[PDB]
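Participant: Quick one: this structure, given as structure tokens, is what I'll be asking you about.
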Amino acid sequence: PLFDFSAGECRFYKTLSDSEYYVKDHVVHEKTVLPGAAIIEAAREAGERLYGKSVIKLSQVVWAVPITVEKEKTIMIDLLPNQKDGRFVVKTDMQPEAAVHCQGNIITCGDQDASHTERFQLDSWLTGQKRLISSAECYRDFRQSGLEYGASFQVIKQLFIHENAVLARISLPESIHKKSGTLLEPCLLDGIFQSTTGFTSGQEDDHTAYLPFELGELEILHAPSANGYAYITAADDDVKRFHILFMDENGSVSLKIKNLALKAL
Amino acid sequence: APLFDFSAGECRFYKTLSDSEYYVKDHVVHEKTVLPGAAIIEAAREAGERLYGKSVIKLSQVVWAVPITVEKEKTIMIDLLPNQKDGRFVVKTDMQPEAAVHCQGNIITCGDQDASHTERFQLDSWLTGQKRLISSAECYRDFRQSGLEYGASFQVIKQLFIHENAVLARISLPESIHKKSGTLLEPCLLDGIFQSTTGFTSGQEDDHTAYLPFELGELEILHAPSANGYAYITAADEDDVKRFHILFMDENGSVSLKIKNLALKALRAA
């Protein structure tokens with residue numbers, strides 16, 4: 001580029017539809033709602049478009065209650081420059097008094113940024129578990145809580161419940177067509193969030209639905225695999241906090257989630 | 001493709017220009033280094049492709065004020081405002097409303113399913129029979145007489161063929177520097193296309209008026225222009241403002257750029 005501009009503020013617009021799989025198959029208390037994870041990928045795409053470089057981190061994310069999407073609904077993502085980085089604000093109504101559905105910081109990688117890799121020792125966590133939760137149990141419990149995940153979002157195949165950790169096997173369904181540009185598939189990322197249910201499910205009498213409320217940091221080391229494992233620990237009421245690593249079957253870590261907070265709905 | 005294919009709203013882009021850059025350093029107008037008007041066109045094109053994520057195929061209804069002077073470093077602001085699928089651009093260096101608009105115009109993007117069409121020009125007949133042939137050295141001496149001192153980067157006119165109702169200019173970019181692959185409209189190429197109107201605007205031998213870009217009805221980009229080619233200039237017609245149509249093409253007449261109603265305006269020395 002002969003003129004390598006610095007971008008100022010910019011608003012991006014997208015009309016969501018319940019025709020899209022990430023809406024129609026995400027039913028919360030009998031309503032189709034945009035998953036909070038989808039807002040993360042939308043912010044990442046807007047940032048990559050405006051700044052012309054990879055977004056490697058999203059931090060200090062805060063969610064309101066999910067955006068309900070019945071037929072069409074237009075969302076606005078406002079990107080505000082913060083030095084080389086940016087911050088985003090997501091709304092559906094324009095007036096200043098209107099609710100912010102999601103907000104957070106965008107961090108881009110620089111031209112000379114270094115390559116850093118992380119590896120997880122998976123083997124010991126595939127055996128010795130206290131309890132094993134099958135996909136069928138996991139999503140029956142979710143539905144009894146009011147979280148009716150369609151097949152596209154049924155990505156958890158097994159939960160290994162250990163004493164102080166949960167290992168979740170995750171696999172994207174063949175049905176969804178994953179675009180080359182889509183780094184964070186909403187169903188993948190929501191399934192990573194879902195896997196905290198290995199902790200929050202609790203008693204058989206408890207049918208509480210927990211949804212994303214805050215996220216300290218999401219770090220992208222590289223494009224996530226369609227199949228892999230999430231390793232979840234409690235970060236340490238109505239709010240539950242966790243750290244999560246997402247990795248491929250050989251322990252190559254693709255995503256790091258620090259301080260994911262979910263709140264009872 | 002992107003899972004979220006956004007429509008972009010308004011956005012401002014910022015660039016600090018320096019007279020260290022060749023497209024400024026070698027563009028001296030009445031003893032001042034000024035940003036060429038042609039350079040703003042490529043800047044608007046680049047901003048548009050960045051913001052809209054689609055090829056810019058046309059810039060239309062462009063209006064220029066007097067050139068932006070650049071002594072050491074100066075920051076320009078390009079404001080892109082949405083116009084349905086298309087866009088509008090406004091170029092400023094000063095922020096307040098009272099400040100001058102240096103350049104403005106419309107940006108038109110291409111669609112995903114737009115058709116493929118090519119245009120060719122019968123070039124050969126215009127390389128002979130001319131009333132007058134003007135050499136590169138003569139061309140830039142005449143420019144200097146008017147206060148337009150083009151440095152080596154902008155000395156892209158190699159020959160002007162002066163015909164009765166048309167001018168054919170042979171244009172060739174200098175070896176010095178290679179346009180980045182991403183730069184579609186190299187400022188020195190596009191300014192040379194603007195320069196070639198001097199085959200008309202020179203006028204009388206005693207007249208040494210400098211004409212600079214003032215308006216541009218339409219610039220259509222059919223495909224990436226060649227570094228070497230020919231400009232075919234005709235008078236739009238219809239004293240201080242001269243209007244032209246221009247085609248830019250390669251040696252086989254393959255048209256890469258179409259210019260409708262380029263208006264140049266006399267600029268008096270300070």
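A note on labels: chains of the structure tokens are A, B, ... as shown, every chain counts residues from 1, and ligands are counted from 1 in their shown order.
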Check range 35-225 of chain A with DSSP on the backbone and list each residue it calls strand (DSSP E or B), as a PyMOL selection string.

Facilitator: chain A and resi 55-63+68+72-82+84-91+102-108+119+131-134+147-149+156-161+166-171+210-220

Participant: Determine which residues of chain B sit within 9 Å of chain A, taking into account only C-alpha atoms, and present them as a ChimeraX atom specification.

Facilitator: /B:1-16,42-43,46-47,50-53,179-183,186

Participant: Could you save the residues just selected, with C-alpha atoms, as a compact mmCIF listing (two decimals), in the first residue's frame?

Facilitator:
# COMPACT_ATOMS: atom_id res chain seq x y z
CA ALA B 1 -15.82 -15.29 2.50
CA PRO B 2 -16.60 -13.55 5.81
CA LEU B 3 -19.27 -14.98 8.11
CA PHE B 4 -20.31 -11.39 8.88
CA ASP B 5 -20.23 -9.38 5.65
CA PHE B 6 -20.65 -5.94 7.15
CA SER B 7 -21.81 -2.76 5.51
CA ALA B 8 -19.40 -0.05 6.62
CA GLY B 9 -20.56 3.33 7.86
CA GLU B 10 -18.61 6.57 7.88
CA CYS B 11 -14.88 6.38 8.60
CA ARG B 12 -11.95 8.81 8.63
CA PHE B 13 -8.48 7.75 7.47
CA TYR B 14 -5.31 9.63 8.38
CA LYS B 15 -1.94 9.86 6.65
CA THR B 16 1.06 12.05 7.47
CA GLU B 42 -5.07 6.82 -5.59
CA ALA B 43 -5.42 7.58 -1.87
CA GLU B 46 -6.99 2.71 -1.54
CA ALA B 47 -9.15 3.92 1.34
CA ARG B 50 -9.84 -1.02 2.45
CA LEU B 51 -13.12 0.14 4.02
CA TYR B 52 -15.56 -1.58 1.63
CA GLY B 53 -13.54 -4.73 0.96
CA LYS B 179 5.18 0.89 -7.82
CA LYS B 180 4.18 -1.47 -5.05
CA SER B 181 2.09 -4.28 -6.44
CA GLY B 182 -0.88 -2.97 -4.47
CA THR B 183 -0.68 0.53 -5.97
CA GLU B 186 0.73 5.16 -9.48

Participant: Which residue gives the smallest distance to residue 210 in chain B among B:24, B:264, B:99, B:173, with only C-alpha atoms counted?

Facilitator: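 Closest to residue 210 in chain B of all the choices is B:264.
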
Participant: Find the residues near residue 100 in chain B: any atom within 12 Å, counting only C-alpha atoms, skip ones fewer than 4 places away on the same chain, and give them as number ranges by chain.

Facilitator: B: 64-68, 76-77, 90-96, 104

Participant: Could you please determine the separation between CA of residue 117 in chain B and CA of residue 222 in chain B in Å, to one decimal place?

Facilitator: 8.4 Å

Participant: Report, in Å with one decimal, the straight-line distance from CA of residue 156 in chain A to CA of residue 265 in chain A.

Facilitator: 21.2 Å

Participant: Separation of CA of residue 131 in chain A and CA of residue 200 in chain A, in Å?

Facilitator: 14.5 Å

Participant: Rank A:102, A:232, A:187, A:109 by their smallest atom-to-atom distance to residue 257 in chain A, using only C-alpha atoms, and report the top residue only.

Facilitator: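 The shortest atom-to-atom distance to residue 257 in chain A comes from A:232.
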
Participant: Mind checking which residues fall within 12 Å of residue 211 in chain A, counting only C-alpha atoms, ignoring those fewer than 2 positions away in the same chain, and posting them as JSON, numbers by chain?

Facilitator: {"A": [28, 29, 33, 34, 35, 36, 37, 62, 63, 64, 65, 66, 142, 145, 146, 147, 190, 191, 193, 194, 195, 196, 197, 200, 208, 209, 213, 214, 215, 238, 239, 240, 241, 260, 261, 262, 263, 264, 265]}

Participant: Restricting it to N, CA, C and O atoms, dump the selection as a short mmCIF file (atom, residue, chain, number, x, y, z; two decimals), in the first residue's frame.

Facilitator:
data_model
loop_
_atom_site.label_atom_id
_atom_site.label_comp_id
_atom_site.auth_asym_id
_atom_site.auth_seq_id
_atom_site.Cartn_x
_atom_site.Cartn_y
_atom_site.Cartn_z
N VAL A 28 -32.77 -20.06 23.54
CA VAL A 28 -32.64 -19.79 24.97
C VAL A 28 -34.00 -19.39 25.50
O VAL A 28 -34.56 -18.37 25.07
N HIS A 29 -34.52 -20.15 26.45
CA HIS A 29 -35.86 -19.92 26.99
C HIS A 29 -36.86 -19.67 25.85
O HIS A 29 -37.59 -18.68 25.84
N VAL A 33 -31.68 -16.58 19.91
CA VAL A 33 -30.85 -15.46 20.32
C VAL A 33 -29.46 -15.63 19.72
O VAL A 33 -28.94 -16.75 19.61
N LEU A 34 -28.85 -14.51 19.38
CA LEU A 34 -27.47 -14.54 18.92
C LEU A 34 -26.57 -15.00 20.06
O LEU A 34 -26.62 -14.42 21.15
N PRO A 35 -25.77 -16.05 19.88
CA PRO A 35 -24.83 -16.44 20.94
C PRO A 35 -23.77 -15.37 21.15
O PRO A 35 -23.28 -14.76 20.20
N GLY A 36 -23.41 -15.16 22.42
CA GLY A 36 -22.35 -14.22 22.72
C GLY A 36 -21.06 -14.52 21.98
O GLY A 36 -20.34 -13.61 21.58
N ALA A 37 -20.77 -15.81 21.76
CA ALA A 37 -19.57 -16.19 21.02
C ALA A 37 -19.58 -15.63 19.60
O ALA A 37 -18.52 -15.30 19.06
N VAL A 62 -17.39 -7.73 27.87
CA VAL A 62 -18.56 -7.75 28.75
C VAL A 62 -19.79 -7.98 27.88
O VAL A 62 -19.94 -7.34 26.83
N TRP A 63 -20.66 -8.89 28.30
CA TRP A 63 -21.91 -9.18 27.61
C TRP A 63 -23.11 -8.74 28.44
O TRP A 63 -23.13 -8.92 29.66
N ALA A 64 -24.13 -8.21 27.77
CA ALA A 64 -25.45 -8.09 28.35
C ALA A 64 -26.21 -9.39 28.08
O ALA A 64 -25.63 -10.39 27.65
N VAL A 65 -27.52 -9.40 28.32
CA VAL A 65 -28.31 -10.58 27.98
C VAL A 65 -28.26 -10.74 26.47
O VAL A 65 -28.10 -9.74 25.75
N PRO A 66 -28.38 -11.95 25.94
CA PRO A 66 -28.19 -12.15 24.50
C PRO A 66 -29.14 -11.30 23.67
O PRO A 66 -30.24 -10.95 24.11
N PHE A 142 -28.66 -29.40 29.50
CA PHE A 142 -28.78 -28.05 28.96
C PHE A 142 -30.24 -27.72 28.64
O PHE A 142 -30.73 -26.64 29.00
N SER A 145 -32.50 -26.93 31.41
CA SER A 145 -32.21 -25.61 31.96
C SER A 145 -32.76 -24.48 31.11
O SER A 145 -32.68 -23.32 31.51
N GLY A 146 -33.31 -24.79 29.93
CA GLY A 146 -33.78 -23.79 29.00
C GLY A 146 -32.83 -23.47 27.87
O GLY A 146 -33.15 -22.61 27.04
N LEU A 147 -31.68 -24.13 27.80
CA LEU A 147 -30.71 -23.93 26.73
C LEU A 147 -30.92 -25.06 25.72
O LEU A 147 -30.40 -26.16 25.89
N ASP A 190 -18.81 -21.28 21.12
CA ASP A 190 -19.88 -21.47 22.09
C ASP A 190 -19.75 -22.83 22.78
O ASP A 190 -20.02 -22.96 23.98
N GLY A 191 -19.31 -23.84 22.03
CA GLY A 191 -19.08 -25.14 22.64
C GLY A 191 -17.97 -25.11 23.67
O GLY A 191 -18.04 -25.78 24.70
N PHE A 193 -17.30 -22.44 25.47
CA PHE A 193 -18.03 -21.88 26.61
C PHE A 193 -18.93 -22.93 27.25
O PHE A 193 -18.99 -23.04 28.48
N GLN A 194 -19.62 -23.73 26.42
CA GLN A 194 -20.52 -24.76 26.94
C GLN A 194 -19.80 -25.71 27.90
O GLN A 194 -20.39 -26.17 28.88
N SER A 195 -18.55 -26.04 27.59
CA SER A 195 -17.86 -27.10 28.31
C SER A 195 -17.66 -26.78 29.78
O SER A 195 -17.36 -27.69 30.56
N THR A 196 -17.83 -25.52 30.18
CA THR A 196 -17.81 -25.18 31.60
C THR A 196 -18.94 -25.85 32.36
O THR A 196 -18.91 -25.86 33.60
N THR A 197 -19.94 -26.41 31.66
CA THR A 197 -21.02 -27.11 32.35
C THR A 197 -20.51 -28.31 33.13
O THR A 197 -21.17 -28.75 34.07
N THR A 200 -20.52 -26.28 36.21
CA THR A 200 -21.70 -25.56 36.65
C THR A 200 -22.96 -26.43 36.71
O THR A 200 -23.92 -26.03 37.38
N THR A 208 -30.06 -24.64 36.43
CA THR A 208 -29.72 -23.24 36.19
C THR A 208 -29.00 -23.10 34.87
O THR A 208 -28.09 -23.88 34.56
N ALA A 209 -29.41 -22.12 34.08
CA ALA A 209 -28.73 -21.80 32.83
C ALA A 209 -27.69 -20.71 33.08
O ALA A 209 -28.00 -19.66 33.65
N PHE A 213 -20.95 -13.76 30.52
CA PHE A 213 -21.12 -12.47 31.17
C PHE A 213 -19.89 -11.59 31.07
O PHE A 213 -20.02 -10.40 30.77
N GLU A 214 -18.69 -12.14 31.28
CA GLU A 214 -17.45 -11.40 31.10
C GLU A 214 -16.39 -12.35 30.59
O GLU A 214 -16.46 -13.56 30.79
N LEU A 215 -15.37 -11.77 29.94
CA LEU A 215 -14.24 -12.55 29.47
C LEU A 215 -12.99 -11.68 29.60
O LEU A 215 -12.85 -10.68 28.89
N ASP A 238 -24.04 -16.62 41.88
CA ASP A 238 -24.66 -16.56 40.56
C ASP A 238 -23.66 -16.40 39.43
O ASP A 238 -24.05 -16.47 38.26
N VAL A 239 -22.38 -16.18 39.74
CA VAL A 239 -21.34 -15.96 38.74
C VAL A 239 -20.25 -17.01 38.93
O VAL A 239 -19.77 -17.22 40.05
N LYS A 240 -19.85 -17.65 37.83
CA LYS A 240 -18.83 -18.70 37.84
C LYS A 240 -17.74 -18.33 36.85
O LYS A 240 -18.03 -17.97 35.70
N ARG A 241 -16.48 -18.44 37.28
CA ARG A 241 -15.33 -18.03 36.47
C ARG A 241 -14.39 -19.19 36.20
O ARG A 241 -14.11 -20.00 37.09
N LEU A 260 -13.12 -16.42 31.99
CA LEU A 260 -14.46 -16.46 31.42
C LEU A 260 -15.46 -16.52 32.56
O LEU A 260 -15.45 -17.48 33.35
N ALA A 261 -16.34 -15.53 32.65
CA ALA A 261 -17.36 -15.46 33.68
C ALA A 261 -18.72 -15.73 33.06
O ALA A 261 -19.08 -15.10 32.05
N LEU A 262 -19.46 -16.67 33.64
CA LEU A 262 -20.83 -16.96 33.25
C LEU A 262 -21.76 -16.62 34.40
O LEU A 262 -21.41 -16.78 35.57
N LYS A 263 -22.95 -16.14 34.06
CA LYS A 263 -23.92 -15.66 35.03
C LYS A 263 -25.24 -16.39 34.83
O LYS A 263 -25.66 -16.64 33.70
N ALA A 264 -25.86 -16.76 35.95
CA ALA A 264 -27.14 -17.44 35.90
C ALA A 264 -28.19 -16.58 35.22
O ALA A 264 -28.32 -15.38 35.50
N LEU A 265 -28.96 -17.20 34.32
CA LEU A 265 -30.05 -16.52 33.63
C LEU A 265 -31.38 -17.17 33.99
O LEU A 265 -32.09 -16.69 34.89
#

Participant: Taking 6 positions as the minimum chain separation for residues in the same chain, which residues sit within 9 Å of residue 48 in chain A when counting only C-alpha atoms? Answer as a list in words.

Facilitator: residues 54, 55 and 108 of chain A

Participant: Please write the residues from the selection above to a file, keeping N, CA, C and O atoms, as a PDB file, in the first residue's frame.

Facilitator:
ATOM      1  N   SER A  54      -4.072  -9.152  11.497  1.00  0.00           N
ATOM      2  CA  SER A  54      -4.708 -10.180  12.308  1.00  0.00           C
ATOM      3  C   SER A  54      -5.031  -9.662  13.701  1.00  0.00           C
ATOM      4  O   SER A  54      -4.212  -8.994  14.339  1.00  0.00           O
ATOM      5  N   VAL A  55      -6.242  -9.960  14.160  1.00  0.00           N
ATOM      6  CA  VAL A  55      -6.623  -9.757  15.552  1.00  0.00           C
ATOM      7  C   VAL A  55      -6.242 -11.015  16.318  1.00  0.00           C
ATOM      8  O   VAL A  55      -6.780 -12.097  16.058  1.00  0.00           O
ATOM      9  N   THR A 108      -4.394  -6.222  17.835  1.00  0.00           N
ATOM     10  CA  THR A 108      -3.889  -6.723  16.567  1.00  0.00           C
ATOM     11  C   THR A 108      -2.436  -7.138  16.717  1.00  0.00           C
ATOM     12  O   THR A 108      -1.726  -6.683  17.616  1.00  0.00           O
TER      13      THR A 108
END
